[PDB]
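First comes one chain, alone, set out as structure tokens in the form deposited in one PDB entry.
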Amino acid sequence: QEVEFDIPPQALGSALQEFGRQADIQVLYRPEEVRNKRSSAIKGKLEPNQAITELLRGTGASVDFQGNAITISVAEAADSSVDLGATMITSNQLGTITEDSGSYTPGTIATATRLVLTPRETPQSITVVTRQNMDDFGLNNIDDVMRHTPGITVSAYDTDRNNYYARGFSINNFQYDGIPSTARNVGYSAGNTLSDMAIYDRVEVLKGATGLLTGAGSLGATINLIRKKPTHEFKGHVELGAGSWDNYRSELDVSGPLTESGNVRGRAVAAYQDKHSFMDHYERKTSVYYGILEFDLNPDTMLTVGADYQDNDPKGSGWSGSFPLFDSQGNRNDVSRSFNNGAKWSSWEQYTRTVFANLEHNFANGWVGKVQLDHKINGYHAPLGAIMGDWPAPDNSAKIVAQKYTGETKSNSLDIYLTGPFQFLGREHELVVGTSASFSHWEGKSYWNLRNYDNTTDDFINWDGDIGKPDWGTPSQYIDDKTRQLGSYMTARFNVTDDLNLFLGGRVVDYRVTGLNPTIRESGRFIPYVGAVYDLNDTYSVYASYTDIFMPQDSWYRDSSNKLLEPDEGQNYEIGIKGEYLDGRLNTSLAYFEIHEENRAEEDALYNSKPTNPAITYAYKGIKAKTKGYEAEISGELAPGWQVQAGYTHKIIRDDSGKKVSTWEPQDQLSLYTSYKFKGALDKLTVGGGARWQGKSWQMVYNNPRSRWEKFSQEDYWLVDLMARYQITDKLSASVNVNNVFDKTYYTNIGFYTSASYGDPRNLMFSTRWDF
């Protein structure tokens, strides 16, 4: 809608960057095309399409309007075949904002290389859950989003921690606005599994081996959460929702200029959710606050200061899964889905806060530089108490394990990078050169020396959580871990021919972990990045890539000789085809991929049967593993009012024994989520459905009372979602979400410490949203 503009005549490059900023729109243009040209003056309250054609007056440029993006082109009478993947400079470093796009497909993305690229231009599997997708299906936290992310499987550790797999691996890489956090373990990682979506525009998941921008990390993927940003027009909304099991959510979101000119701009969001659960005596209060201010120091230098805060505060937390698999005498336990082995007072509260500042500067070069400063906190307060072990006994009694972990992780990050174009052999290429530093410091107390506790409960079958709370005693342990990451990276994107784009880059990494454990060090480790994209038609491109990653091992993972295993490492080999339709409104991708892991930690059963080094009592073995698999996806417009996100993923991951592994992650999965906006009489009704299918999944668990391995199978099952919204009013709308329509009873965990967890039964959510 009508925006306040003030772009005086200047280098067309600068004007377009200035335009993107003022218009809250992503401008994409070609550097060689705008380099010898200037904008004409625009001033005053204008609609952005009126504004841009006015700005482009005299330049010979055309505008392609595409959602929250505009691409500028300068057509010639010549042209010998179009350079679809031509180097393009961009006004927003993080990509296209999805908020208001009305789409389930992203516009442009920087998750791969820092370079702002379309999914079609990216030689990696990149899925995105867009703002609209999130709104439509009421995906209100990262757990919700993951569950709806094609190619991801969400499994439960416990009531307050989920696992996200991709391609055989737990994902343990989280970024915020393209900045990695430290996720060495749940110490550093509190709250990552729980982020509320109220503050985010989209989550982008980069599958494979993502060392280039993550640095040290897990295989599988990176989850990159892009924060909402301030807008140049005032706008906001209040949201209210009510769902099954006393699930209440409220939300506020306010954005706009804070001065008459618009040179300081802010966005604030507050969200609160208090919910019970299908699980007995489990409740959780979550709170989020977020403020961000953008100050324009001048036309081409912006300072951003922001803070965020999320508290996740549950009662009846489990330690491991909802119930034990086997009773005292070896039979499978058969319990309702409402069973919760958590004690009433058991709580794994997790909290997170960020304070962050950026400085962004556009150089009249068409280059941009950006400094990102982060202070992050991941805190936990975890007095846990849960039935665990082989229970009940015949007399229907059980025993509780109780331990308390409190702690905080303080983190500091500096990221500086420079990105821009450059001529070489007559053609335009682009480059990112960057450097990064993070220091993160974990400090905690643990308590396991319970003083005078009677940890037995008299009634398992009617377990309520109604057990006493122990005297925790004095601290049993003081955590003091310190992780230091230093990185330097460079990626070039050479426009080799009119259809060929070659990506060559890498990261050099310095990783130090210091504290109570023997010091872990890796210096000057090189992480290569090699990719190619070949254009086939106006529509299809093929791409191939070789990417890598490592994670220095947990310090308990030592070997036969008490030497720390070499870092857990992997390369992803990928070849595939990407299609782009309707001017980027619909994307399809088909990929074959292979992850070769090496130095994957493993028990070492032959040593461990009778240790022979007094030095180590429980060594680990560092083996190779492989993931073979393929993936198909589609997202975007299928017809005018009709959006989808869908995916198909096949995987098998075997280790150096040849045995299948991550067998709780199904070998085959399908996701399809769709919504349809009607026209004419009922153009105010959005109707929507979704399905998730997954094939066989199983776990080998040991039945202690019978001294034997058992197989726990989860037969293939569907989950069906349904969704409807009515825009009753310009400013007010109502929604219903029904999840798991057929009330499929299934498991999200079998075998995590000999326990099991159910997935959500049929639940509803009703919401109204009020836009000012």
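Only residues modelled in both forms are compared. From 1 onward, residues are counted along the sequence shown. Only the largest set of C-alpha atoms that superpose within 1.5 Å between the two forms is called the rigid core.
Below, we turn to the form solved in complex with a partner chain, even though it does not appear here.
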{"item": "Among the candidates 497, 561, 462, 185, the residue which, in the entry with it bound, approaches its partner chain to within 4.5 Å (heavy atoms)", "value": "185"}
{"item": "The single option of 594, 374, 554, 283 touching its partner chain in the entry with it bound, heavy atom within 4.5 Å", "value": "554"}
{"item": "Site check 247, 673 and 741: each within 4.5 Å of its partner chain in the entry with it bound by heavy atom", "value": "no"}
{"item": "Segment that reaches its partner chain in the entry with it bound - one of 227-235, 402-410, 174-182, 533-541, heavy atoms within 4.5 Å", "value": "402-410"}
{"item": "Non-hydrogen atom contact residue 122 with its partner chain in the entry with it bound at 4.5 angstroms", "value": "no"}
{"item": "Exercise: residue 336 in contact with its partner chain in the entry with it bound, heavy atom 4.5 Å", "value": "no"}
{"item": "4.5 Å heavy atom contact, residue 448 to its partner chain in the entry with it bound", "value": "yes"}
{"item": "Contact flag, residue 329 vs its partner chain in the entry with it bound, heavy atom cut 4.5 Å", "value": "no"}
{"item": "Core-superposed comparison between the shown form and the other one - Cα displaced by 2 angstroms or more, from 358, 189, 273, 155", "value": "189"}
{"item": "Closer or farther in the entry with it bound, the Cα atoms of residue 435 and residue 188, when the shift from this form is 3 Å or more", "value": "farther"}
{"item": "Cα-Cα trend for residue 187 and residue 752, given that in the entry with it bound the distance shifts by 3 Å or more", "value": "closer"}
{"item": "Structural rearrangement between the shown form and the other one, runs of 3 or more with C-alpha shift of 2 angstroms or more, core superposed", "value": "1-75, 186-189"}
